[PDB]
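Visitor: only the shape, not the letters, is given here:
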RNA sequence: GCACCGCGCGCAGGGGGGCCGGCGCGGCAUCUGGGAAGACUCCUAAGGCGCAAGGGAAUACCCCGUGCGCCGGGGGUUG
């Protein structure tokens, strides 16, 4: 409740990094008498390898490893709740193939591969789920693909243009996330933030916000605020424009960090709405949301 | 259904139909189910593209057996009318089979395209 | 510790290390009905004649490695003893079939694999008519 | 002239310009899929000079995965006449007949094939040879033929699925003996068609090794096939 | 560039295709009276935007890109109404949009005509796109395969009774089509009708005069009389 | 064209049979070990003209059969280009004798 | 690390190696870590690093 | 083994290192060259191409104006 006490540090070895972190929290189970068993929360990570690691916070070391024959995993996420005991991780990677791992009953194993891109030069850099069965992935070849997890099919390939600010024509969608009403918010290599329609999968807005590329996004739990953190050490806050629906605009920006803002995540509960942004200056900055 | 190496990505479908149109201008193409079956049986065929919009789908299902016996890659595009006017036919073509030769930029495109089909499989 | 073993012919039970009892069968076309009855987990006469004791449940245990068969025979009220699923029970149901040469002088002093072959042919041709030709 | 090879149950036929592999036909006077066969007698019949007793079916390595391993330098095949082999992926009864002729009448080969047309030809082959039993079931579901398959000695595995090591893993946890044998044929263009095949094969060997096999050897099938490996390994010993 | 544009029929707006292809084309929409940017409509394709057309009430616009994706994009909600696909088009070249008494929420134009690079021009009744949901695979009212080269021009009559579509790359490749019957007129053009290599066509405001201008630089005029 | 197609089918069957016979006549193998000790023990255990003539003969037969199949395949391709050059309408395919490649972009109506 | 393989000329004898990662973490691929940086610094150059120093 | 009044040299090879310099394989945001390339673009010109004969030669290469065809330019009023 505003104390921010650092409890445990579990260090990895030499030549070992951590790129993505995902908690998997089960829903509230109920006993025979009306007592509440809360969700057991398991921590998964990737380390710029082909291996998803599950961490044991009780023993303060790594619990499990899983790996399939594919490239290095660059982004992953846990499928949201609509099933109940059958939840699955979806992981994008370098060479393209969206691998899909299974987690149930204390297990982490490489289940299958949904699809892969035709072009071998498509690298998957960010992933976010719109619903239980629709996965929105950003790619390096200027696309935001929207796959469907059950059959593994492809709903639509959203695209973005060249960057006309410098060279290097391929834009890179560094962070996608999904609003609660269905829209998709995506920060990319131009420092833009695009608002994509949820039903049609076309863009509805381009908001030029940053100068260098937007590296991480965060979306409020009720869908009212968007926080964008870029490589120009800049954090920008957007609220919807009054009147027309689906139109966002940048309320204000400020440079909170001293290097780029590589990751941030939000929390809103028990009288505490924060968003914690960690960058490359090792200082996690907590903003009130 | 029975069309399991389906080409659903529109970028890959556009690449397949562009290579079909280039082979059609090179006269390196066999159009139709019977001519496709003849090219696959004779073994001159480098890649074979079937169409999944066939109304009885079972009239092109014999070609996966001969391609499994002869180790050539087959792939399914969505629309037979698109395949037809990709070849330049003004009819609906349900199966097409594009062949190989000694040295071509088209042969390099064929090798890359069957690599992409093997990525689908 | 009642274990439930199903071979192609009959069942065995090793509760007290060493084998305790059995149930034998041979050479009928109701063997494929037994086979389908454990493809689902339905009522089975050999199952019921095995699990029918007269006293009570004396300790609620029946070790069957497939969870589907376990929670389909949980629902039967004929004996109301509740079974257990495969709690990584590899050692039991692997060692009994590797050391099943010890069992063969007990219930069926013979070689019963010809009806195993016949049931395999019957099931495979049943599925080949399920994909009819 | 016919000699037995180093592998028991496998024969070679030698001539002035050729060297062929062959097996001892369990049904003499009968061929299966159009294969050449040689009639040889044991010596002691000079006045008659009729090749009466032994009929040998020529094993074709261009249609067999296992026969491409034996001519490649497979040190052991883990099976002798009288063993028990589970054949995973029995495509229309091509190699499983030669494996049945290897294991003989006191051996038995359990063929598993999910695909229905190859199941049709497999059962129409398997009617004659009684030492095979065919199972038309998905190999990714071993509890559907757990009643039908007893404990085996060797698992042969030629199935074109990307979770080939997982199929081998569940079938070996349910059917292979302690210290058993595994001969698996790995297809790189089936598992990952973009990586180097050495890397694909090394990842599959590592998956078996964490799946509690012991990789003894790996050899490529590359005068006969393209980008195919054969891993010969033992189970728990 | 500013080469390709379309002014709205109400005269208030004007849309310009932005020269940025990269697997999907956008077009910037400009208020006519003040010459300022007011919107932008982006569609996904392979080479961008083949053509587009404003709706008849003047709000939205239908953008037919290359590789067959056609997109109805409204001006009121300022996002995409829907996306459908031309039947079997390996790549679109031109589009036109006309008639009256169409669907009320899709601009009130009845017919859309999309001509591809093979030579085939599909004509769809726009009351068949509504399944606001658009059908992802509508069927054409009529597929015209009379011209053999890529369809370069297409133009509806302003009262929505004629449709003239022509290819530039053949001498005298122009056809004239009745609506709603979708029948090609067979009595004109004849073998000796001096069309030339047709580069632009234009129907009159009362639709009494067809003007055809060729690659030589000669306009010729034809009274339409029914 | 029909005659060249039948001769090409016969010659392709001959090439397949001859290549099968040549392979049957004449970092490949990897053996794994648990440790350097077992590897060195196996290395201790490793420390403990007719075919040339007939294989050169089969190699010369294989090269002549490949030349024959390549010649018949080039003949069949040249005849398909002759069909394209003599079609009743303008069909793409083949080079002119000046060297410029024929490509017509009309559709077959 | 791992002992390098020894080739007789036909076959290759190699020690298996998985003794690097017991329970700790898998070692990050330096080729993939430098690729994500090269997507972050595309054509852009660094500013001069420190103060007055050679 | 050579010098038993000496360093060192000729040679077998066991392991690890400087991972210094090359080679091979793989990815590589861009940049450079080539091919293909959009059909508004180029398509060599008001003509060209093909097939089959005929005639001549630097005799491997080619050139020229008869019979069938395929386009193109120009001209061109609901045939």
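Guide: Nice, thanks for sending it over. Numbering: from 1, shown residues only, chains lettered A, B, ... in the order given.

Visitor: would you mark the buried spots in stretch A:251-267?
Guide: For stretch A:251-267, burial by neighbour count (16 or more other CB atoms under 10 Å in any protein chain shown) applies to A:253, A:256-257, A:260-264, A:266. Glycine gets a C-beta too; all of them are placed from N, C-alpha and C.

Visitor: partner residues bridging residue F:30?
Guide: Residues in a beta bridge with residue F:30, per DSSP bridges, are residue D:218, residue G:12.

Visitor: mind listing which of the buried residues of stretch A:251-267 are in helices?
Guide: Using DSSP state H, the subset of the buried residues of stretch A:251-267 located in helices is empty.

Visitor: now render these as TSV, adding distance to chain C.
Guide: Listed next are the buried residues of stretch A:251-267 as TSV, based on distance: CB to the nearest CB, whole Å:
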residue	distance to chain C
A:253	55
A:256	50
A:257	49
A:260	47
A:261	46
A:262	41
A:263	38
A:264	41
A:266	39
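
Visitor: any idea how far the helix or strand residue A:89 falls within is from the middle of the chain?
Guide: Taking DSSP states H and E as the definition, one finds residue A:89 inside strand A:87-93. Chain-centre distance of strand A:87-93: 11 Å, with CA atoms, centre = their mean, to the nearest Å.

Visitor: and stretch E:2-21, by the same measure?
Guide: With CA atoms, centre = their mean, you get 14 Å for stretch E:2-21.

Visitor: what's the answer for stretch A:53-71, then?
Guide: Centroid separation between stretch A:53-71 and its chain, computed with CA atoms, centre = their mean, is 19 Å.

Visitor: what sits against the residue of chain F found nearest chain D?
Guide: Nearest to chain D, among the residues of chain F, is residue F:29, at 4.2 Å (CB to the nearest CB). Neighbouring residues of residue F:29 by CB atoms under 8 Å, 6 or more residues apart in numbering or on different chains: D:72-73, D:217-220, G:10-12.

Visitor: repeat the analysis, applying 7 Å as the threshold.
Guide: D:73, D:217, D:219, G:10-11 (CB atoms under 7 Å, 6 or more residues apart in numbering or on different chains).

Visitor: same question, residue B:26
Guide: B:106, F:93.

Visitor: 8 Å - rerun?
Guide: By CB under 8 Å, 6+ apart, the contact list for residue B:26 reads B:104, B:106, F:92-93.

Visitor: now check the longest helix belonging to chain D, is it near chain A?
Guide: Taking DSSP H as the criterion, chain D has its longest helix at helix D:197-210. Yes. Counting by CB under 8 Å from any CB of the partner chain, chain A is contacted by helix D:197-210 at D:200, D:203-204.

Visitor: surely residue D:123 is within a helix?
Guide: Yes. Residue D:123 sits within a helix when classified using DSSP: H, G, I helix; E, B strand; the rest coil.

Visitor: which parts of chain D sit against RNA strand H?
Guide: Neighbours of RNA strand H within chain D, by CB under 7 Å from any atom of the strand: residue D:196.

Visitor: follow-up on the earlier one: which strands or helices does the longest helix of chain D pack on?
Guide: For helix D:197-210, the contact count by 3 or more CB pairs under 8 Å, 6 or more residues apart in numbering or on different chains; DSSP states H and E identifies helix D:164-175, strand D:176-187, helix D:188-191, strand D:214-220, strand D:228-235 as packing neighbours.

Visitor: in CSV, list those along with mean neighbour count.
Guide: Shown next, in CSV, are the helices and strands packed on helix D:197-210 (neighbours: other CB atoms under 10 Å in any protein chain shown):
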stretch, mean neighbour count
helix D:164-175, 21
strand D:176-187, 21
helix D:188-191, 20
strand D:214-220, 20
strand D:228-235, 22
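
Visitor: adding distance to residue E:180, write the ones you listed out as TSV.
Guide: Formatted as TSV, the helices and strands packed on helix D:197-210 follow (distance: least, CB to CB, whole Å):
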stretch	distance to residue E:180
helix D:164-175	60
strand D:176-187	58
helix D:188-191	54
strand D:214-220	68
strand D:228-235	62
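
Visitor: what's the spacing between the closest residue to chain C within chain E and residue E:96?
Guide: Closest residue of chain E to chain C, CB to the nearest CB: residue E:137 (31.8 Å). Relative to residue E:96, residue E:137 is positioned 21 Å away (CB to CB, to the nearest Å).

Visitor: any idea how far residue E:111 is from the residue of chain E closest to chain C?
Guide: To residue E:111, residue E:137 is 18 Å away according to CB to CB.

Visitor: out of those two, which sits in the busier spot?
Guide: The residue with more neighbours, out of residue E:137 and residue E:111, is residue E:111; 23 against 11, by other CB atoms under 10 Å in any protein chain shown.

Visitor: list the contacts of that one.
Guide: E:97-99, E:102, E:123-126, E:141, E:156, E:160, E:163, E:179-180.

Visitor: can you classify the closest residue to residue D:33 other than its chain neighbours by secondary structure?
Guide: In this structure, residue D:33 finds its nearest non-sequential neighbour in residue D:94, 6.0 Å apart by CB to CB, 6 or more residues apart in numbering or on different chains. Following three-state DSSP, residue D:94 is assigned to coil.

Visitor: burial count for residue D:94?
Guide: 19.

Visitor: check the buried residues of stretch A:251-267 against chain B, which are close?
Guide: By CB under 8 Å from any CB, no member of those lies near chain B.

Visitor: among those residues, which ones are in strands?
Guide: A:253, A:263-264, A:266 (DSSP state E).

Visitor: of those residues, which is the nearest to chain B?
Guide: Out of these, the member with the shortest distance to chain B (by CB to the nearest CB) is residue A:263, at 30.5 Å.

Visitor: that closest one reaches residue A:277, doesn't it?
Guide: Yes. If you go by CB atoms under 8 Å, residue A:263 and residue A:277 touch, sitting 7.3 Å apart.

Visitor: which residues do those two both contact?
Guide: Both residue A:263 and residue A:277 are in contact with residue A:216, where contact means CB under 8 Å, 6+ apart.

Visitor: which non-adjacent residue is nearest the residue sitting nearest the centre point of chain E?
Guide: For chain E, the residue nearest the mean C-alpha position is residue E:96 (1.6 Å; CA atoms, centre = their mean). Excluding the flanking residues, the one nearest residue E:96 by CB to CB, 6+ apart is residue E:154, at 4.3 Å.

Visitor: mind listing residues that contact the host helix or strand of that neighbour?
Guide: Following DSSP H and E, one finds residue E:154 within strand E:153-156. The contact list for strand E:153-156 (CB under 8 Å, 6+ apart) reads E:94-99, E:111, E:113, E:115, E:121, E:162-168, E:174, E:179, E:198-203.
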